[PDB]
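Take a look at the structure tokens below, where one protein chain is shown in two forms, each on its own, as structure 1 and structure 2.
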Structure 1
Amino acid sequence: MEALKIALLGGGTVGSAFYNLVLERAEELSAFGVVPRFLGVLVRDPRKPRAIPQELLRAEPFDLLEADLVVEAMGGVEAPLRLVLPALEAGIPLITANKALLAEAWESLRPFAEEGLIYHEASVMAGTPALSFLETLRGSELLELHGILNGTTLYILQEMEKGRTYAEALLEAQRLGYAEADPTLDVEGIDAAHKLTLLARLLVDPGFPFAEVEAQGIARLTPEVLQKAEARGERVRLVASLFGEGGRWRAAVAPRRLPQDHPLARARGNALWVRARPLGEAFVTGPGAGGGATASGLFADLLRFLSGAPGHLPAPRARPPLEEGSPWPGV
């Protein structure tokens, strides 16, 4: 039996849910041979209302180098980056839900990802299997990937189909805790693009640049546009696509007209749909946002780590696209 010393970065909706999940499931952890011991939780207001004991809160950065694991769910890029890099350099693993960090600081983080030190299941579709799903998909070669990777805009478009307005729906989405701190990252496709980039690096090209993703959000959409779609037997969704074009991988995020009976149009939550050779057509769906959904993901990764498995590795080498089949109907 040994102590698992955990440094937690961020004590918000995700951080808190993870804290409490780890202690609630400490009996599970003991079957893995460990007892969880939080060293501290980095936050901004150590004295306010929060679902973590006050004395564990740290309003200032603390030394991470005696941790066994760093868990991060701070949001942003450069600040978490500078906090996690010394831990990574010392060979301490990172479990993160922070898709922006990974997408936008890959030059610094890729070498540690390659050594199996970064676990990030929660960074795409929360604790819905996404990275694991593509790890198994690597048995086959991708032909096309399409996902609904942002819960806030899904929620908004579902509410707008029901005639509610953009602004009403966004407000609710923020209350449910789905939105990023700034909702612009959700509604302009950027959060989807961060996620798509991580999927591409796992499956098809370990150097895939976030900047190459062409992203457009849901700003031209209205309840009227959606009702007109429905009348054509279609649904409009924000879709994140990965596909070959003239010999290269291309990544896009955009609203798309889908047949109403397509798995992506129907799915209950976030969804990733793939066609691959030789497996065929596979998809996964579940909640893509929220405290508890994300904590599930982070805790999945902690069990992954504890069982002796490495983190999520980039593709070992860029793979050749098989199909030039750039699909699509935009809106």
Structure 2
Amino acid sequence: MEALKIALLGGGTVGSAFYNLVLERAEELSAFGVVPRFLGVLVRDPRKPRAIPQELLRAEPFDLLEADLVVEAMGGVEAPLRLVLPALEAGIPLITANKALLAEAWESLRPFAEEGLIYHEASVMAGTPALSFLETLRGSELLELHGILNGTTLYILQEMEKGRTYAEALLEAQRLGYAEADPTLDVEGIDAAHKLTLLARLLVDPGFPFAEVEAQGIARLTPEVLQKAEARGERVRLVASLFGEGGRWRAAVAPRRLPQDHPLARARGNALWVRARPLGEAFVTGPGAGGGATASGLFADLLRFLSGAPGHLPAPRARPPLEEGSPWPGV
């Protein structure tokens, strides 16, 4: 029974949920001949009440080179990047939920992702199978991809449809744990843009640039706009789309008017929908945010690592779209 040394970067909601999940599920790890042992837990706020042993709290960066795995969920881009690089360079895998880091620091991280060292199922739709879903979709050639990827904006739009104001909805989303103190990334559609970029890279273009995604949020939406849409038998949702145009892949995030019965319009939780040849049309749904939900994704990748499987690999090569896609009508 050798130890599975884990260096955890981030003691927030997600990090805490993950730490506790690993210890709670220790017997599942035993089936693999290992017992989990955390080298330390880096925390931004060492005084915030936590369910992590005091002796493991680290207010300052610590040596990660002796870890078997580095798990990161601290948000932000530059600091996490500088912290994980040394480990990745040492050949230590990185399990992360940081969609911002992967989307904006791909120039530095791609090389390691290319050699299967980065596991990031939790980076898109939390623990819901989004990346593994596309890995299986590789059996076909993508025709079009559309998803409602942000938990906060989805909740807000759902609540406004019920008559709740933008503000009441947002504050509740924060109380519920879906959104952070400053949900600006979420409501401006940037978080969805981060995730869409990750999906594009795994399926059609390993070097897809985050800067090419055109993104807009829900800031102009009101209960009035949503009720008028309902009157026409449509639902408004912030959709992240990947489709062909002029022979090149185009990615955009924007509110779209969807038929009320469309899978994306009637989904429970966030959702990813695709049309591919020859499979056809398929889609997956589940929670897109939350401490427990995200922890499930990180733990899923830890088990994937223990099984001997590589991390999530970028698409083998860039491939053009098989057909021009027709975007949904914008709001």
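If you superpose the two forms and keep the largest set of C-alpha atoms that fall within 1.5 Å, you have the rigid core. Residue positions are counted from 1 along structure 1's sequence.
- Here the form solved without L-homoserine (HSE) appears as structure 2, and structure 1 shows the other form of the same chain.
- Aligning the rigid core between the two structures and inspecting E180, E161, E104, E188, the C-alpha positions shift by 2 Å or more at one residue, which is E180.
- Note on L221: its Cα is shifted 0.3 Å between the two structures, core used for superposition.
- Relative to the superposed rigid core, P320 shifts its CA by 2.1 Å between the two structures.
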